[PDB]
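Cβ placement follows ideal geometry from the backbone for every residue including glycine, while neighbour counts extend to all protein chains displayed. Each answer follows from the model by the rule given with it, or from the source it names; no laboratory instrument gave them.
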Amino acid sequence: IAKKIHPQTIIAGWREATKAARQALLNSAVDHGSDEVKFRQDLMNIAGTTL
Amino acid sequence: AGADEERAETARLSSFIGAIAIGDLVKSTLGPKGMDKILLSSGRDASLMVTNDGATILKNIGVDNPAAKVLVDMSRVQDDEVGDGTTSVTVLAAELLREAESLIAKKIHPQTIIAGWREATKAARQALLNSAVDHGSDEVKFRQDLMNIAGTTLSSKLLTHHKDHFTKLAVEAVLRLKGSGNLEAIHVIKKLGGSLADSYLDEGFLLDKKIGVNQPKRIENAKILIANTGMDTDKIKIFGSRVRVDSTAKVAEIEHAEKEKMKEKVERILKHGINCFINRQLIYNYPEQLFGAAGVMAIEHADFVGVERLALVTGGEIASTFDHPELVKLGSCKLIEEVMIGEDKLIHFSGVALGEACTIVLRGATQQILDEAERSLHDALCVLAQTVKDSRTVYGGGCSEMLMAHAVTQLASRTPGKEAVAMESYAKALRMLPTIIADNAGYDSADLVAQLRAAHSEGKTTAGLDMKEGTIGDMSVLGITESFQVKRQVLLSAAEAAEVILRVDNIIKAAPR
Amino acid sequence: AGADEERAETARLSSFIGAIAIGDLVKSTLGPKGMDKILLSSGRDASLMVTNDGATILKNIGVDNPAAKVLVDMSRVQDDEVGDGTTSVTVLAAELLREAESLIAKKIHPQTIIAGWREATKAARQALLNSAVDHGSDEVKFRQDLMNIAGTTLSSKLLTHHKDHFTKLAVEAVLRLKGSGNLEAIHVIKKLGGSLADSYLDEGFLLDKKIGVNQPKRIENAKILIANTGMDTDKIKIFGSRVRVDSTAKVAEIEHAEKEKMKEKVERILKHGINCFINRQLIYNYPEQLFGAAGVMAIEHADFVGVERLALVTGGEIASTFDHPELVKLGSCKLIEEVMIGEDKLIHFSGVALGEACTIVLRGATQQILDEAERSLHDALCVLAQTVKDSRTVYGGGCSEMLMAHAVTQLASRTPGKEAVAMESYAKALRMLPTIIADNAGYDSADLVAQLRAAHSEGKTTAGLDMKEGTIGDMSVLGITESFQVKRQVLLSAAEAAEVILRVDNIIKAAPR
């Protein structure tokens, strides 16, 4: 509201957001492995977070 | 004396309010990227409805006391003549009311202001008077048949994925209708089968009924019989009811009487060679067994509207009592058969000798997009029919409106001043349309106005409002064009009706008692 | 309901309201498209005053209970030290308060965020470090004499059509002033005549007054007399009484005594050779006639402010009782004359022995707005004195603010714990300045912010806000620069001012009712 000009212009962000959605992907390396089976990365990971 | 009388200042105000309220909602609908809208109501309304077409929603409701119901009703008459293209007529009509406030300042005769409408005719000569318009649409035309206005009509509409192809098809339909003739007997039905094309073009009339499981699959050298009176017999007037007779012995004469009806139908039907029978109403069971052996295909409960068109199509005939066969009836003979379209079974009538009437069948996937297919084709048939015979079109996306606005400003000075005062006010009205188109797609309204006027005043008619761009661009590349009739007709609808608002003295209807 | 009781968040709000109320009036005043505001009162005030300078209007009035007057008083010291340019310092302190709403979102200990004020100083060190300043100020100087800082102060004002030429002229005025003298004796008056230069520079001082229609047209080897007391004589405060004499014969003495005032004025004045008499107040009618025959030009109601500067100019004189002629009066002598400046008669005092005091009488194109030269000249005086002393400048048009803002965003993420939130809030404060500069330009504030931000990131200190452009451009080409002193002091002042009262929660009660 303080922006005080045009909320429609702001909509551009949602279109931006689709690209932004892919900023999550391919924008940084983090990890990725988790191949399958896994020796040390098998657990002591995600189950604990849900847990 | 109805009781509702308004004079001078107050009468004008009620009209003024009706136009502004409707203008804001319709504005987003216009152009290649329009917005789909949903409405909720209480009382004899169930839930939210979404209509891309502006005309359909206005038609459905008469919400309140202020005058606007008649103006809205009028748009349908417009819809039949050329109609839509894109909804915009309502927008232009709304804007002439804003200068009405400045009219009081002139302070003389509102009726002589009306001569301005005569000058509106003048607007028609000045609108097409300078700069440019298209110049081809020669006849048939190899590449200009479509990919222009029809695409624009549906561009606003959600269906423009598969649908833009459907629109292209519609000009083909006008090509067979081409020449000089009636805008009649063009029939379109959507289907539940799925295909990329989403539509098929038929060389004849499509119907969807069957005699029964028994009967030959197809007929050749087909002859067509249409009867006004039903096949059913027994009741007459004052039945003499089911009744009863001295035992079961005399019941037999009753069955025998029935047999006579059966024989008359076969004995003279055979001489003709009758291949198909179409009846609008209930059909008597006895003839059904007889038709199968003969090799004749009949249609139960055929709709009357299909029948009337069919008569024009096959040379017609005279429908009366069973005497109707042979010479009193005329039948075309290319071929009649029931063909599986892809999913459902339909019956095709084709190869009509007259050639005046033809039918289009649309298929589609089976969703909202197909229901709106109805919306789009009705819209399409009128625009394209006009495009072939008009020989003239204009650039869309506001190109025409800024250009016209420059043309109109020069002329007020040109004309004598009382006439000029009225005319100049009309001229500034065109400015609002550029503003309305830019605002709906996003970008702020006056920055667009600064850049927009400079490109149009330059002399490039092709340049228009590119909503995707946010600035100005070449309209022709987009492929947006408007039929010549839509532009002048909207001006007249904006005109004449706006002329009056003193003269009417009565405005609304709701429904039956 | 009412009592003036404050609780937690509400106490914070009182500080908050003062900041926001001041910011809206001040924000429109910043930059090229700033706005003038006019203020009136019924008594102890006579007319509406319009002050372009934000600092001057705040100082004069203490409108209400909430604290803000003390914060305002701070800009005075800044003004006498470095001065003006454009008033931006007050706005920056106010925006610091907006984050506070997000602070309750913290739902935690509010004063550890105070560390932000300890981040403000870190921000201050980088301002010194990153801005790009200048190299050169030879003294007098050929090309770099101006077209710099005076222009930025002028940029905020719409006079910058022909006026930027006038700003350029002002440095010539400062070159004579430059050094030991400090600020005194600079006087500016407009002329109603059109010319490209729009300004002229005078060696002496112009005063607009005349003795009367009669009197000698010109005086040379002029001697100047200034009197603290008027030529008027009759009351004396203590009347001496209504008075008793010895009938009508001696009262002739009273009327005669007036003549003695006349006699002293002529006899003593003649010996000196008196050419011009200047009196600060009303002048008695009898002496006026005497001056005309003698060959002496006197000035009725000459105001005091012109006189004090004039005294420094002529070496001055001791103004007292009619004994005042001769030696106690020192009259410099070159040329005193009334000269038609094509338009309106004015009197020129020139050939001053001192040389310290001079007058900048400008002609220029006419309208009400040439009174603007009064507005505009005053700005020129303050910026040049600082520009010569500092020998340092920074790029204007908000170029400094965006660069610093890009750097601070990185800083917040780098610092661990408590500190980044505090640092980032100070950092985003800088973001509003680009917005404030853009908004008054009439261009869209949102569009302006990102484009500006992208250019700064590249490393171009020169790049900045171009309001005339409506987008972004190279500030250096414009020639707009801000003095170095204004930027380093404001950073220390802004943080400290807002900081004290956030600290204190509760402005308390009273006794009364």
Restricting to the stretch B:420-435, and then to whatever is of a type in the set (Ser, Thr, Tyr) and surrounded by fewer than 23 Cβ atoms within 10 Å (Cβ to Cβ), can you tell me which residue is nearest to B:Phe142 (Cα to Cα)? B:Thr435
Please indicate, with yes or no, whether at least one residue in the stretch C:270-289 is closer than 23 Å to C:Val213 by Cα, assigned by CATH to the domain that holds C:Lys209 and free of Cβ contacts under 8 Å to residues at least 24 places away in the same chain. yes
Any idea which residue in the stretch C:118-133 is surrounded by the most Cβ atoms within 10 Å (Cβ to Cβ), counting only those that are over 26 Å from C:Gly479 (Cβ atoms) and touching a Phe, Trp or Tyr at 6+ places or on another chain (Cβ under 8 Å)? C:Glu119
If you scan the stretch B:317-351, which residues turn out to be among the small types (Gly, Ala, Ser) and either part of a strand (DSSP E or B) or farther than 21 Å from B:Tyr284 by Cα (or both)? B:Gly331, B:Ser332, B:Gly342, B:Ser350, B:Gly351
Which of the residues that make up the stretch C:237-251 are of a type in the set (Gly, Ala, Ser) and either touching a residue at least 40 places away in the same chain (Cβ under 8 Å) or farther than 25 Å from C:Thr321 by Cα (or both)? C:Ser247, C:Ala249
Go over the candidates B:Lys223, B:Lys259 one by one and state the one that is of a type outside the set (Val, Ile, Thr), without any contact (Cβ under 8 Å) to a residue 12 or more places away in the chain and in contact with a helix residue (DSSP H, G or I) (Cβ under 9 Å, 6 or more places away or on another chain). B:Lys259
Report whether or not B:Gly364 is surrounded by 18 or more Cβ atoms within 10 Å (Cβ to Cβ) and either in contact (Cβ under 8 Å) with a residue 60 or more places away in the chain or on the phi < 0 side of the Ramachandran plot (or both). yes
Members of the stretch C:80-107 that are hydrophobic (A, V, I, L, M, F, W, C) and either part of a helix (DSSP H, G or I) or outside the structural domain of C:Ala123 (by CATH) (or both): C:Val89, C:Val91, C:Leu92, C:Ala93, C:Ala94, C:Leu96, C:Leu97, C:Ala100, C:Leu103, C:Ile104, C:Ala105
Going through the stretch B:436-462 one residue at a time, which ones are surrounded by 17 or more Cβ atoms within 10 Å (Cβ to Cβ), part of a helix (DSSP H, G or I) and within 14 Å of chain A (Cβ to nearest Cβ)? B:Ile436, B:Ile437, B:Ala438, B:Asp439, B:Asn440, B:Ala441, B:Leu448
Select, from B:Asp138, B:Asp164, the only residue that is of a type in the set (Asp, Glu) and assigned to a loop (DSSP other than H, G, I, E, B). B:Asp138
Condition check for C:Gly181: assigned to a loop (DSSP other than H, G, I, E, B) and not assigned by CATH to the domain that holds C:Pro325: yes
Answer residue from the stretch C:9-29, given it is among the hydroxyl-bearing types (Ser, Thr, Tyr) and in contact (Cβ under 8 Å) with a residue 40 or more places away in the chain and is nearest to C:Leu502 (Cα to Cα) among those: C:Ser15
Mind checking whether some residue in the stretch B:364-371 is within 17 Å of the chain's Cα centre (by Cα), in a helix (DSSP H, G or I) and under 24 Å from B:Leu312 (Cβ atoms)? no
Tell me, which residue of the stretch C:421-454 that is in contact with a strand residue (DSSP E or B) (Cβ under 9 Å, 6 or more places away or on another chain) and without any contact (Cβ under 8 Å) to a residue 40 or more places away in the chain is farthest from C:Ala405 (Cα to Cα)? C:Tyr443
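Yes/no per residue for (1) under 18 Å from C:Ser445 (Cβ atoms); (2) of a type in the set (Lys, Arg); (3) touching a residue at least 12 places away in the same chain (Cβ under 8 Å); (4) within 14 Å of chain B (Cβ to nearest Cβ):
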site	(1), (2), (3), (4)
A:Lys4	yes, yes, no, yes
A:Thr9	yes, no, no, yes
A:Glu16	no, no, no, yes
A:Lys19	no, yes, no, no
A:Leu25	no, no, no, no
A:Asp31	no, no, no, no
A:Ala47	no, no, no, no
Which of the residues spanning the stretch C:389-419 are touching an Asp or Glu at 6+ places or on another chain (Cβ under 9 Å), of a type in the set (A, V, I, L, M, F, W, C) and surrounded by fewer than 19 Cβ atoms within 10 Å (Cβ to Cβ)? C:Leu411, C:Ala412
Applying the selection to the stretch C:134-146, what residues are under 18 Å from C:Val477 (Cβ atoms) and either in contact with a helix residue (DSSP H, G or I) (Cβ under 6 Å, 6 or more places away or on another chain) or buried (at least 21 other Cβ atoms within 10 Å of the Cβ) (or both)? C:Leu146
Filter the stretch C:199-230 down to residues that are closer than 23 Å to C:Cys333 by Cβ and in a loop (DSSP other than H, G, I, E, B), then give me how many there are. 14
Looking at (1) crowded, with 21+ Cβ neighbours inside 10 Å; (2) farther than 28 Å from B:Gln485 by Cβ, can you tell me which one B:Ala319 breaks? (1)
